[PDB]
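In structure tokens, one chain follows: the form deposited in one PDB entry.
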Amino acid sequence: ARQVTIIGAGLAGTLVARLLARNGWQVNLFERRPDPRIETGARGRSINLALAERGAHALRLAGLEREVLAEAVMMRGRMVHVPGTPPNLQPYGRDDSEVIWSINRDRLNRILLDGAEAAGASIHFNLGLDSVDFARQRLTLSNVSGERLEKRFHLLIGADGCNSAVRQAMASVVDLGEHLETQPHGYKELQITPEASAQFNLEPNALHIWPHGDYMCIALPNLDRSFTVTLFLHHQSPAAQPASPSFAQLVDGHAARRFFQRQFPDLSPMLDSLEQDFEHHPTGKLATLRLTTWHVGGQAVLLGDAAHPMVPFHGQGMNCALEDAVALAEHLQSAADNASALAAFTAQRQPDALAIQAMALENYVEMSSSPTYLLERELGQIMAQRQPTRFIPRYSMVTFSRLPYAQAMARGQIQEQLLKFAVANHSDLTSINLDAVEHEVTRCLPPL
């Protein structure tokens, strides 16, 4: 039986552990944090995420989709809150087949942990990877106190998140060709109680957005009708605009309250613990990191956030990591040797990871901030009705299909240019020749 060591019992790490163990691999998984299934007196984490077709299909192959969706809230559409006008639901698709699921992160992690152990994997908690000696095939782990433990390894999988210790150890034996692009936005997690959401009639089966240009708020529902709110705001005010809002200008919780009362007046009354949450929850950091190399021969490989950190403006990070886990287990199972598998996995997944990283950065302007946009959207809806197998909106290709990310991006660019050109010198749809646009659709877009 083939042997494998995995670092990180997160979302990608636990899924890949189950897929390999059920195929007869001898699997050992190491996690820095304690086992979350061991109940303590401490408060549970209220963090949630948007699960789409890519992530759901990966769970379906693993035999875990039913268990996960049993505790997921259906999001049928987007609820945009702009002051003055009441919110109106913008449905994602034709029916409840085209939806996104809101799931508690800790609940998903516990289901995955149970799944990896049921398949035969051994999980070791309270052990963080410190360093790797590739030539001697040994690694060093330690608990929070710093007490060290050495282990021999054969194949190493880096599923240890955006600040990966496996990636740091690899950078010493190979040039990874790393390119980091910092993000000016920070984030803060806040809460809406079940009592407050019900009092203010906040729709439970939708994803909520409070757009405000350079900054914004999003809210995802929980099973108990509570909501997890995320504020996206610049860490620092720029030199060009010194008076602009930023985290630096929000010295305490009282400062945060006055800011919300002024910029988000319909959201502020729903945030009862705004002051406490602002001061106790730390500000998170965002970035895009691109690597030319994801592996070291047949010895080590990276996947998920360890391989491709991305901005969270498309809700596809977890979805991508689960898709990576399926591809890695498939390559390792059927290759001539581990070196061949790691090279082929890297070649297949790298162009897709670059495509989703670029699409996530582009999606920020869509969520946070036109007469020309509405005409393009109207013509795009008609083209999708005439040719539903050729004209599929980019958001729909990413979120509701398994088309490779690079293909979704390429087809999306063809459609965006087709719509832009068609409306360019026209006041309204009555002056636009619909059959001529349809001809461009059939000429430039093959059926799927």
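Residue positions are given as counts along the sequence shown, with the first one as 1.
Participant: With respect to the deposited sequence, how many residues separating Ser369 from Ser370 are not represented by coordinates: none, 1 to 3, 4 to 9, or 10 or more?
Facilitator: Missing in between: 1 to 3 residues.
Participant: If you average the CA temperature factors as listed in the entry, which stretch comes out higher, 136 to 144 or 276 to 284?
Facilitator: According to the PDB entry, the answer is 276 to 284.
Participant: Tell me which stretch, 92 to 100 or 153 to 161, has the higher mean Cα B-factor listed in the entry.
Facilitator: Result: 92 to 100.
Participant: Hey, out of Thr85, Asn338, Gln348, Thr292, whose CA B-factor is highest in the deposited coordinates?
Facilitator: Spelled out: the listed residue with the top C-alpha B-factor is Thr85.
Participant: Looking at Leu108, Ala240, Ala116, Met75, which has the biggest Cα B factor in the entry?
Facilitator: Reading the PDB entry, the winner on C-alpha B-factor is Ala240.
Participant: What third of its chain, lowest, middle or highest, does the C-alpha temperature factor of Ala355 fall into?
Facilitator: For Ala355, whose C-alpha B-factor we compare with every modelled residue in the chain, the answer is the middle third.
Participant: Of the three thirds of its chain by CA temperature factor, lowest, middle or highest, which one includes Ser396?
Facilitator: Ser396: CA B-factor falls in the middle third of its chain.
Participant: Relative to the other modelled residues of the same chain, rank the CA B-factor of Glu362 and answer lowest, middle or highest third.
Facilitator: For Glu362, the deposited C-alpha B-factor lands in the middle third.
Participant: Select lowest, middle or highest to describe the third in which the CA B-factor of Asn23 falls within its chain in this entry.
Facilitator: Tercile = middle for this residue's CA B-factor.
Participant: Ordered by C-alpha B-factor within the chain, which third holds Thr182? Give me lowest, middle or highest, please.
Facilitator: Top third by C-alpha B-factor.
Although not depicted, the form deposited in another entry is the subject of the following passage.
Participant: Under a two rigid part split of the chain between this form and the one not shown, are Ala384 and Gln168 together?
Facilitator: Both residues do not go with the same rigid part; they split.
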